[PDB]
Amino acid sequence: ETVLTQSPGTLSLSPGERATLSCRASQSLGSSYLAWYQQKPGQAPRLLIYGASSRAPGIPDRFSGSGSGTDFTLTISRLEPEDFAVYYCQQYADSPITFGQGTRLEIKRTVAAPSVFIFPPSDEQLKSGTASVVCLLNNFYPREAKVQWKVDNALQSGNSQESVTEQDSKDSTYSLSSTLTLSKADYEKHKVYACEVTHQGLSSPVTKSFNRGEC
Amino acid sequence: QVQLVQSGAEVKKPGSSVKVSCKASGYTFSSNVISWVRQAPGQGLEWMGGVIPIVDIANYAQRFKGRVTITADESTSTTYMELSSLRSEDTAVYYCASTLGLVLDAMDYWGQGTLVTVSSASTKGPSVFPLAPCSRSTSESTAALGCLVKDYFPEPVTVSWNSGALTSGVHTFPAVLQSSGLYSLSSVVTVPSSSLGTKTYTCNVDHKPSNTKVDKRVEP
């Protein structure tokens with residue numbers, strides 16, 4: 001299959017600025033067989049451009065598409081607040097149809113370090129044989145952040161899940177929650193529970209921790 | 001109004017099969033081709049195949065060949081996507097979309113999507129646990145509290161704070177489907193440190209499928 005690679009992974013701009021999004025195909029698509037879509041959270045994709053350069057019905061003139069062969073570009077001449085969304089290219093020069101991995105067009109703002117919080121499991125939960133430990137990274141920018149869980153300095157893997165909020169419409173930040181899950185048996189084998197956070201707004205990683213027994 | 005209306009959310013066990021429908025209405029001329037595209041939560045778009053209703057001829061992405069069947073009922077302007085041998089990787093929103101004219105083409109009208117969740121779980125109300133700090137330094141101008149809304153099925157839950165009186169500073173996170181096949185979600189609020197211990201914070205969790213309503217006052 002033809003692979004489409006979009007760049008940049010995240011484009012960070014302000015309303016009023018010009019946005020240029022790139023799609024590179026692993027083989028030639030001609031000057032036609034490429035479309036661009038916009039997608040917002042909870043909604044279906046919306047067609048913007050077809051035939052590489054043609055605007056779909058009702059799409060404003062600030063959207064345009066160009067390119068041929070392997071290299072295609074979507075331009076938004078002057079960003080509106082409603083344009084901040086994820087964008088995908090799609091090729092249809094041969095089967096199967098494939099899409100790029102998406103470009104996140106987000107609102108740029110000053111760097112903001114997260115406020116970091118760790119929460120021990122409740123006694124209520126412990127009653128039932130499971131312990132969940134939760135780490136909150138609150139109101140940070142940009143979106144890239146890394147959480148590492150340590151249990152008595154042992155770096156954990158495979159026993160955590162996380163999720164991230166959509167960029168806030170007022171303050172342009174993100175927040176992230178990570179949950180470490182362990183059996184009550186394992187939880188009680190150890191003392192120090194820590195979450196280490198790495199982020200551009202932090203001169204060095206910040207760790208929040210507690211000791212089981214004092215919490 | 002040109003519209004593609006899909007059938008409702010589905011839950012199926014691993015190994016089973018699912019059929020989703022898409023009813024077209026409001027087209028002056030019926031579409032030559034309906035395509036099916038899916039998207040796993042947080043991931044990209046994946047085209048599955050399409051069908052030409054007037055001849056009921058489908059085409060497929062080879063990675064789904066032999067597991068996906070797309071059919072058309074031209075008489076009811078409906079198409080169907082059936083996917084068999086379901087695995088966890090098939091949990092996704094499934095969209096139908098009509099094309100600009102051809103099989104290999106751009107897609108201009110889209111259905112609302114159908115969520116298909118592959119889980120062995122039965123309906124189950126959440127357990128609601130407090131998220132409360134055990135310690136908090138004086139160099140912290142803000143504090144956080146929350147609740148962990150654990151082990152429920154299916155989606156959604158609705159989480160409010162102080163019976164809906166508290167909305168500022170709240171983040172309710174996307175749920176994660178756990179390897180157990182149950183969901184878990186957290187909802188947190190950040191407050192000035194001086195409000196911790198002088199004000200009361202209660203999370204209210206409503207899970208309609210299990211007719212569950214739980215209030216949890218969050219304290220250290």
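Lettering of chains follows the sequences in order, A, B, ..., and the numbering in each one begins at 1.
Once rounded to the nearest 0.5 Å, the distance linking OG of B:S16 with CZ of B:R87 reads 13.0 Å. A:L74 contributes atom CG, which lies 12.0 Å from atom OG of A:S53 (distance to the nearest 0.5 angstrom). A:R143 CZ to A:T165 OG1: the interatomic distance, rounded to the nearest 0.5 Å, is 8.5 Å. Atoms CD1 and CG, from A:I97 and B:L45 in turn, are 11.5 Å apart once rounded to the nearest 0.5 Å. To the nearest 0.5 Å, atom OG1 of residue B:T190 and atom CG of residue A:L136 are 8.0 Å apart. If you take CE on B:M81 and CZ on B:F64, they are separated by 9.0 Å, rounding to the nearest 0.5 Å.
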Q: List the steps, then state whether side chain to side chain contact (heavy atoms under 4.5 Å, CB included) holds for B:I52 with B:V103.
A: CA-CA 8 Å; B:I52 302 164; B:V103 171; 3.7 Å; yes
Q: Please step through side-chain hydrogen bond (donor to acceptor under 3.5 Å, both in side chains) for the pair B:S187 and B:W161, ending with a clear verdict.
A: CA-CA 9 Å; B:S187 175; B:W161 282 90; 2.9 Å; yes
Q) Under the side-chain hydrogen bond (donor to acceptor under 3.5 Å, both in side chains) criterion, do A:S22 and A:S7 qualify, and how do the steps go? A) CA-CA 5 Å; A:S22 294; A:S7 292; over 6 Å; no
Q: Determine, stepwise, if the pair A:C89 / A:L34 fulfils side chain to side chain contact (heavy atoms under 4.5 Å, CB included).
A: CA-CA 7 Å; A:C89 51; A:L34 186 104; 4.1 Å; yes
Q: Could you go through the side-chain hydrogen bond (donor to acceptor under 3.5 Å, both in side chains) check for A:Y174 and A:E106 one step at a time?
A: CA-CA 11 Å; A:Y174 297 91; A:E106 66 172 8; 2.6 Å; yes
Q. After noting the C-alpha distance and the side-chain angles of A:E196 and A:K150, does the key distance pass the salt bridge (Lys or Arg N to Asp or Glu O under 4.0 Å) rule?
A. CA-CA 8 Å; A:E196 183 212 47; A:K150 304 176 205 198; 3.8 Å; yes
(Q) Is there a side-chain hydrogen bond (donor to acceptor under 3.5 Å, both in side chains) between B:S127 and B:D151? Walk through the geometry before answering. (A) CA-CA 7 Å; B:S127 290; B:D151 289 346; 5.9 Å; no
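Both the sub-6.0 Å distance and the 45° axial angle are not jointly satisfied by B:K124 relative to the ring of B:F153.
Summarising the geometry of A:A52 relative to A:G67, their closest heavy-atom pair is CB-O, 4.3 Å, with the distance given to 0.1 Å. Residue B:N162 comes nearest to B:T200 through the heavy atom pair OD1-O, 3.1 Å, listed as atom of the first residue, atom of the second, then distance. Nearest heavy atom pair, residue B:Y183 against residue B:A175, reads CD2-CB, 4.1 Å. In plain terms, the two heavy atoms of B:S7 and B:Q112 that are nearest each other are O-NE2, 4.4 Å. A pairwise comparison of heavy atoms in B:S88 and B:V118 identifies N-CG1, 4.2 Å as the closest pair. Of all heavy-atom pairs spanning B:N204 and B:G164, the tightest one is OD1-N, 4.2 Å.
Evaluation of the side chain to side chain contact (heavy atoms under 4.5 Å, CB included) rule for A:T75 yields A:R18, A:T20, A:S64, A:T73 as partners, not counting sequence neighbours. Taking B:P209 as the reference, B:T123, B:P154, B:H207 meet the side chain to side chain contact (heavy atoms under 4.5 Å, CB included) condition, with sequence neighbours excluded.
Side-chain contact, B:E82 with B:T69: no donor N or O sits under 3.5 Å from an acceptor N or O. Donor-acceptor pairing under 3.5 Å is lacking for the side chains of A:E1 and A:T98. In the model, B:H171 has no side-chain atom that pairs as donor or acceptor with a side-chain atom of A:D168 under 3.5 Å. Side-chain N/O atoms of A:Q125 and A:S132 include a donor and acceptor closer than 3.5 Å. With 3.5 Å as the limit, one finds no donor-acceptor pair spanning the side chains of A:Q167 and A:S172. In this model, no donor atom of one side chain and acceptor atom of the other lie less than 3.5 Å apart for B:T158 and B:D206. Side-chain contact, B:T91 with B:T117: no donor N or O sits under 3.5 Å from an acceptor N or O.
For the pair A:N159/A:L182, a side-chain contact is recorded, criterion being any heavy-atom separation below 4.5 Å from C-beta on. Contact check for A:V197 versus A:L202: side-chain heavy atoms found under the 4.5 Å cut-off. Looking at heavy atoms from C-beta onward, B:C22 lies in side-chain contact with B:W36 at the 4.5 angstrom threshold. The shortest side-chain heavy-atom distance between B:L86 and B:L83 falls under the 4.5 Å cut-off.
Of the charged side-chain nitrogens involved, none lies within less than 4.0 Å of a carboxylate oxygen, so that B:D215 and B:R217 do not count as a salt-bridged pair. Ionic pairing of B:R38 and B:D90 is present here: one or more N-O contacts between side-chain nitrogen and carboxylate oxygen are shorter than 4.0 angstrom. A salt bridge links A:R62 to A:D83: one of the charged nitrogens lies within less than 4.0 Å of a carboxylate oxygen. Electrostatic pairing of B:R63 and B:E46 counts as a salt bridge here, judged by a charged N lying under 4.0 Å from a carboxylate O.
Within a 6.0 Å radius of OH in A:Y187, more than 12 heavy atoms belonging to other residues, nucleotides or ligands are found. Crowding of A:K108 atom NZ: a count of heavy atoms from other residues, nucleotides or ligands under 6.0 Å not exceeding 12. Atom OH of B:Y109 is surrounded by 12 or fewer heavy atoms from other residues, nucleotides or ligands within 6.0 Å.
The aromatic ring centroids of A:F119 and A:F210 lie 6.0 Å or more from each other. Ring to ring, A:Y87 and A:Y37 are not that close: their centroids are 6.0 angstrom or more apart.
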